[PDB]
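In: Take these chains first, placed just as they are in the complex:
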Amino acid sequence: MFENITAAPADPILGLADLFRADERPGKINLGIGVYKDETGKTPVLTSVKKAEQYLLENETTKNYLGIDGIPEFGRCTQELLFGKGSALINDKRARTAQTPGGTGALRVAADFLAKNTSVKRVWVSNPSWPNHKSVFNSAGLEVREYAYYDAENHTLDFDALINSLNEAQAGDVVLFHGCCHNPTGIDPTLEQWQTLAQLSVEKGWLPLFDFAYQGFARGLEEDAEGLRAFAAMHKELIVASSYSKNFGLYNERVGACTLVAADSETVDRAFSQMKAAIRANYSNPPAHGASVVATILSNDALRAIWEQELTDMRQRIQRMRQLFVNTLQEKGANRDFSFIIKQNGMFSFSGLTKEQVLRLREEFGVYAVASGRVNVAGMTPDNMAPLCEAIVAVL
């Protein structure tokens, strides 16, 4: 039955490193991998998680199954991280959280939930946006419609085009936001824009679905939640898919959550039972390790403090690499102006390179980057910044 199967095409991101891991070229920079790398170009395991793993190794007495929703302390903590402490929806018990295999499994879980328990047919993802969004939503049978976003000229957020594009979206439609550090533009709404987006959202009656994966990478854990908090303040219902892959360096342990906010405790339980149903049919229960490492780190003040410092070292390092990048380019020599780069949050930014330039780079200079011209700033070290900018300026 497999003799006629069509070979799948390469993923726009993976198929980059998978090839990178073949181009011997000495000096081969890589800016694809939306994974963080320190000043050494290494993706270490945070000390806090390292300490948490020792504690676990010593205390765990069993591997017996977790509830379908995962670890209680986990859900509770992510709740407070997202909605805040003393947040109404917390105190009222309007939310329910489920531990899932990473932020993607939270998406797939939201999708399947929606897809079989509601009258949702379309999802509105921005343009551009993390590629896998569409694939995930489509696999559930849902339709994906793009709302404009990037001002290719001024290198900014085109609020006008956005709203104008969003208006066509009907009520009862899911509009997907990026809590912070927009993949791949790095441009995020201001609180003001967010605050209006939350108003026009209740009116038109969309169903928010925040994809929060880089909390703490723009301005800090709390500041980064302003948006999700603005909507949460206004809506009776919402969904949020968060991931601990980055802000915790837990990439391969697949740890994230899917938080259902409904209008009242009574219904949030009903809606959640069906969510659990989706999960039970997908993977049964989530993986305990990475989640346990997160519950303990967050419920322990010594460990949380160390962690909370590591996150900011990461955050601060990427922000040093942004301006170093701007300055270095402006130094090598030529007409240009990448000052906008300094205004974008997170690990990514839109280089503003043509698909062609990008190939001249990753083939004549081995400097790898994603076709869209997206470059992972958190993969830049002070030692590769020179040949890098040389390559770039050379292809301008």
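Out: Here it is on my side, so go on. Numbers count the residues shown, from 1 in each chain, chains lettered A, B, ... in the order given.
In: Which parts of chain A belong to which domain?
Out: Domain assignment of chain A by curated CATH domains yields the ranges A:11-44+A:316-396, A:45-315.
In: Tabulate the ones you listed (CSV), appending mean neighbour count and distance to residue A:2.
Out: Heads up, the C-betas are built off the backbone N, CA and C, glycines and all. As requested, these are exported to CSV (neighbours: other Cβ atoms under 10 Å; distance: least, Cβ to Cβ, whole Å):
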stretch, mean neighbour count, distance to residue A:2
domain A:11-44+A:316-396, 17, 21
domain A:45-315, 19, 20
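In: Show the subsequent helix or strand relative to the lengthiest helix in chain A.
Out: The longest helix of chain A (DSSP state H) is helix A:301-332. Scanning forward in sequence from helix A:301-332 by DSSP states H and E, the next helix or strand is helix A:355-364.
In: now for the longest helix of chain A, which elements pack on it?
Out: Applying 3 or more Cβ pairs under 8 Å, 6 or more residues apart in numbering; DSSP states H and E, we find helix A:301-332 packed against helix A:47-59, helix A:288-299, helix A:385-394.
In: quick revisit: export the domains of chain A to JSON lines and append columns for distance to residue A:3.
Out: Shown next, in JSON lines, are the domains of chain A (distance: least, Cβ to Cβ, whole Å):
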{"stretch": "domain A:11-44+A:316-396", "distance to residue A:3": "24"}
{"stretch": "domain A:45-315", "distance to residue A:3": "24"}
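In: Determine how far the last residue of stretch A:245-255 lies from the first.
Out: 7 Å (Cα to Cα, to the nearest Å).
In: thinking again about what came up before, which of the helices and strands packed on helix A:301-332 sits closest to residue A:237?
Out: Closest to residue A:237 of those, according to Cβ to Cβ: helix A:288-299, at 25.2 Å.
In: what comes into contact with the closest one?
Out: A:48-49, A:52-53, A:55-56, A:60, A:63, A:66, A:70-71, A:73-74, A:77, A:81, A:99, A:244, A:248, A:250, A:253-255, A:303-304, A:307 (Cβ atoms under 8 Å, 6 or more residues apart in numbering).
In: could you give the angle of it to helix A:301-332?
Out: If you take axes from the mean of the first three to the mean of the last three Cα atoms, to 10 degrees, helix A:288-299 sits at 100 degrees to helix A:301-332.
In: Now helix A:288-299 - C-alpha only, PDB.
Out: Output in PDB follows, covering the C-alpha atoms of helix A:288-299 (Å, rounded to 0.1, in the frame of the first residue of the first chain):
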ATOM      1  CA  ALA A 288       6.800  13.900  33.100                       C
ATOM      2  CA  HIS A 289      10.500  14.800  33.100                       C
ATOM      3  CA  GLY A 290      10.700  18.200  31.500                       C
ATOM      4  CA  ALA A 291       7.500  19.300  33.200                       C
ATOM      5  CA  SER A 292       8.700  18.100  36.600                       C
ATOM      6  CA  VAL A 293      11.900  20.100  36.100                       C
ATOM      7  CA  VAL A 294       9.700  23.100  35.500                       C
ATOM      8  CA  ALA A 295       7.300  22.700  38.400                       C
ATOM      9  CA  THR A 296      10.100  22.400  41.000                       C
ATOM     10  CA  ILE A 297      12.100  25.200  39.600                       C
ATOM     11  CA  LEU A 298       9.200  27.500  39.700                       C
ATOM     12  CA  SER A 299       7.800  26.400  43.100                       C
END
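In: What angle do helix A:47-59 and that helix make with each other?
Out: 110 degrees.
In: Just give me how far helix A:288-299 sits from the chain centre.
Out: In terms of Cα atoms, centre = their mean, to the nearest Å, the centre of helix A:288-299 is set 19 Å apart from its chain centre.
In: then add chain B to what we have above:
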Amino acid sequence: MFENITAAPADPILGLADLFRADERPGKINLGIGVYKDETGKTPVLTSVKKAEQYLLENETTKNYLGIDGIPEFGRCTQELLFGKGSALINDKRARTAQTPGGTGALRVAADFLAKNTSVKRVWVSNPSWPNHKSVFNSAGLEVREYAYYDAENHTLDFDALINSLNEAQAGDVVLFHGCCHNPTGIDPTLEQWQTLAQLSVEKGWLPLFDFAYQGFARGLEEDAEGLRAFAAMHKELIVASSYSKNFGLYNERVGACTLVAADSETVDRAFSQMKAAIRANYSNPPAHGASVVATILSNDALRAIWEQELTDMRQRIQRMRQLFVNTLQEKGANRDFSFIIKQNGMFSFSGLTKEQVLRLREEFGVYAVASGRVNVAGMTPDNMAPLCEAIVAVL
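Out: So that you can see how it sits with the rest, here is chain B on the chains above:
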């Protein structure tokens, strides 16, 4: 949009312990939880895995993402465990293995694969069979059709009814087997029966889908693979979903594999790329921990030896509990005869209790069991065997 959601009904297995965990009753036995428990009624973490976790804790230098298919050594090892060493399909390179979140995620992965890349509409699950099978297959959009299995009278495998029921299944249909320790009957085909089932399978042209979750619990790692090996010898293509949850006590780490056997290396790669595609849309990459604990334990001879001994202590303990159960019942006093219990493999067996008896037990005697009258033998200790059999005999 959630105000009219229908509250999901309770799962036939979970909703048992979830209530058990509320019935204070001193002496409250529990036979639901298809999870293993030692002579103390504890589900410990094996020593081998404990040692493997220390090694990991010391050596792991990164948490960076795994390939979509998981850990190479993992896939390679599970391959040799399943098909054998020097097995043609291994040497020929006709198989591809992907690490998934437990045996269930392997199922869901096979399903989604089939569901979108082939002309498969129906799956044939036995009667009875692990409940979640249907839910999983249905969530993918596939149809589930039951083929007879249990001889409620003689307490045996009704080969006749089976074949007779299977014949209606068309070609290009997926027939799902249980490699060993049939949930919930404990009755498994003989090699002879298996060997014929493999012949009639090629003719009618079904597409095998073995659900292997209790390897090593019937007669030992190798003996337990006779079946999957019989089919593998005969078919050009097959799929197998294995789980390390039991034979490794890794329940909550979600570690299993989905092995695609095709007719040749060239196509198995094509078929696999699409499988990876399904995964990428579901959870992206698998959880590394539990899988790492398994690769190292199996690739290290000292650790494998310790583990390989632990598995047999478990296997041997359940087999002591079967005959102790038979003898004790026959001792308390009454017309009956549970000798068939001694002939069933694995942790389960069909008590042969009416839904009524089962309620008299778990409500007048607090002795919990699944409505079907399925009882987890690996939850019986020499210390609870007395009141247990008293309860049972009392409801005969």
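In: quick recheck of the contacts of helix A:288-299 now chain B is there?
Out: A:48-49, A:52-53, A:55-56, A:60, A:63, A:66, A:70-71, A:73-74, A:77, A:81, A:99, A:244, A:248, A:250, A:253-255, A:303-304, A:307, B:252-253, B:287, B:289-290 (Cβ atoms under 8 Å, 6 or more residues apart in numbering or on different chains).
In: Residues of the stretch 101-250 of chain A that sit close to chain B?
Out: A:101-102, A:104-105, A:108, A:112, A:117-120, A:132, A:135-136, A:138-139, A:172, A:207, A:237, A:249-250 (Cβ under 8 Å from any Cβ of the partner chain).
In: what secondary structure does residue A:242 sit in?
Out: Secondary structure assignment for residue A:242 (DSSP: H, G, I helix; E, B strand; the rest coil): strand.
In: partners of it in the sheet?
Out: Here residue A:242 sits in beta bridges with residue A:212, residue A:257, going by DSSP bridges.
In: so it touches residue A:213, yeah?
Out: Yes. With contact defined as Cβ atoms under 8 Å, residue A:242 and residue A:213 form a contacting pair (7.1 Å).
In: okay, and the common contacts of the two?
Out: Here residue A:242 and residue A:213 share the contacting residues A:103, A:179, scored by Cβ under 8 Å, 6+ apart.
In: Name the residue of chain A that lies nearest to chain B.
Out: residue A:287 (3.6 Å; Cβ to the nearest Cβ).
In: isn't that residue right up against residue B:254?
Out: Yes. Using Cβ under 8 Å, residue A:287 is in contact with residue B:254, at 4.6 Å.
In: any shared contact partners between those two?
Out: With Cβ under 8 Å, 6+ apart, residue A:287 and residue B:254 have common neighbours A:101, B:101, B:287, B:290.
In: residue contacts, the first one?
Out: Contact analysis of residue A:101 by Cβ under 8 Å, 6+ apart lists A:254, A:255, A:256, A:283, A:286, A:287, B:101, B:254, B:283, B:284, B:286, B:287.
In: Just put those in a markdown table and tack on distance to residue A:375 and secondary structure.
Out: Rendered in a markdown table, the data for these read as follows (distance: Cβ to Cβ, whole Å; DSSP: H, G, I helix; E, B strand; the rest coil):
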| residue | distance to residue A:375 | secondary structure |
| --- | --- | --- |
| A:254 | 26 | coil |
| A:255 | 27 | coil |
| A:256 | 25 | strand |
| A:283 | 34 | coil |
| A:286 | 33 | coil |
| A:287 | 32 | coil |
| B:101 | 32 | coil |
| B:254 | 34 | coil |
| B:283 | 27 | coil |
| B:284 | 22 | coil |
| B:286 | 28 | coil |
| B:287 | 29 | coil |
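In: Could you export those residues as CSV, including distance to residue A:330?
Out: Below are the contacts of residue A:101 laid out as CSV (distance: Cβ to Cβ, whole Å):
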residue, distance to residue A:330
A:254, 41
A:255, 40
A:256, 39
A:283, 49
A:286, 47
A:287, 46
B:101, 48
B:254, 49
B:283, 42
B:284, 38
B:286, 44
B:287, 44
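In: which ones are touching the residue nearest to the spatial centre of chain A?
Out: Nearest to the mean C-alpha position of chain A, by Cα atoms, centre = their mean, lies residue A:213 at 2.9 Å. Residue A:213 is in contact with A:103, A:179, A:181, A:183, A:242, A:243, A:245, A:246, counting by Cβ under 8 Å, 6+ apart.
In: just the residues you listed now: which is nearest residue B:203?
Out: residue A:103 (47.0 Å).
In: Figure out the helix or strand that the closest one lives in.
Out: Applying DSSP H and E as the criterion places residue A:103 in helix A:102-117.
In: Against which helices or strands is that helix packed?
Out: The contact analysis (3 or more Cβ pairs under 8 Å, 6 or more residues apart in numbering or on different chains; DSSP states H and E) places helix A:102-117 against strand A:95-100, helix A:132-139, strand A:207-212, strand A:238-243, strand A:256-261, helix A:265-282, helix B:265-282.
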